[PDB]
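Form deposited in one PDB entry, single chain, as structure tokens, below.
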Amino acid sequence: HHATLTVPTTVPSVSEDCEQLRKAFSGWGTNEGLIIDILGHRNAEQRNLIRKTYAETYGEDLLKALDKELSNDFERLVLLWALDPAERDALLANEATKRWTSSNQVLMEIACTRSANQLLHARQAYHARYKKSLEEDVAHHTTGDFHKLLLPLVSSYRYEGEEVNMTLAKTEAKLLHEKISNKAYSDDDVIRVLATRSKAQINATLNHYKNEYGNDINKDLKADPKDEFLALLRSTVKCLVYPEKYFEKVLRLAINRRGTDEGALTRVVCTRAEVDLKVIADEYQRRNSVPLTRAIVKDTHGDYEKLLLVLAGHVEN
């Protein structure tokens, strides 16, 4: 497995974990380390059960307690992390259509780097929490080419088999090339292949594209380096068939800079820690000659750092 999360061989009982978290909230302040020690080491089912039990036993919402009890980047990380991945994606996707917070890239990212069922599960969480559809928010909030691409992206329920059709791949490779060549970046056919074909079939298409034209599709999506739509296309491509190169680069820009973009760092670590963060981290090393964990040591502080690290696979020390 490519997951970075570590879970004890022996998991304590749900009431053991629940009373320990209770204790962590007692007094003026909180024992962040104890929180990190528990939540940072439970899978989604475990966390779900913990939340369900915490509510039944103590009569309060754990996430409400976590919110009141903490602050800033550490609070955002913990809450984001604590959620079920479907709830987490719903929340993130929701933020990405609103005013202060809004992000095309994030919507693209959720749509393209999730499996079909993970995306569906997000959409169901989205219904439960927000009493609307992700599609209707996305459709309401985006315009132009962004609208044209993102509405089908977040709407997809892709076929997930490994079957590839090579004739089709070859045909659709030239279609893509023809349309891109004529600057018709948002043509039905471009949108269609990226939003509807399986990830295996798109990969095959881009392979034929390269064989046939001698460079990969992103090289031809650079005519205007300023253009935000091209950047979204190039990102869509990467997310669909090279997700770990996408995420490496998100981390790289978040960290290798005079800041940290803590939002991007938090999003990547908390959404991928249960999926493929190990693979992203290897890609980070390859591409930056520093381990990810070390790069985060380096750019982050305190409990934020400490959880980032724990989520990124750090044991003990």
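Residues that one form lacks are left out of the comparison. All residue numbers are counted from 1 along the displayed sequence. Basically, rigid core = biggest C-alpha set you can superpose within 1.5 Å across the two forms.
From this point on, the text means the form deposited in another entry, which you will not see here.
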property	result
Entry of 117, 102, 181, 143 that shows, once the rigid core is matched between this form and the one not shown, a C-alpha shift of 2 Å or more	102
Rigid core superposed: residue 297 CA moves 2 Å or more between this form and the one not shown	yes
Residue 287: Cα shift of 2 Å or greater between this form and the one not shown (core-aligned)	no
Core-aligned C-alpha movement of residue 68 between this form and the one not shown, 2 Å or more	no
Relative Cα spacing, residue 93 and residue 260, in that other deposited form - shift of 3 Å or more	closer
Closer or farther in that other deposited form, the Cα atoms of residue 8 and residue 262, when the shift from this form is 3 Å or more	farther
Once both forms are overlaid on the core, stretches between this form and the one not shown of 3 or more residues with C-alpha shifts of 2 Å or more	100-103, 257-262, 296-299
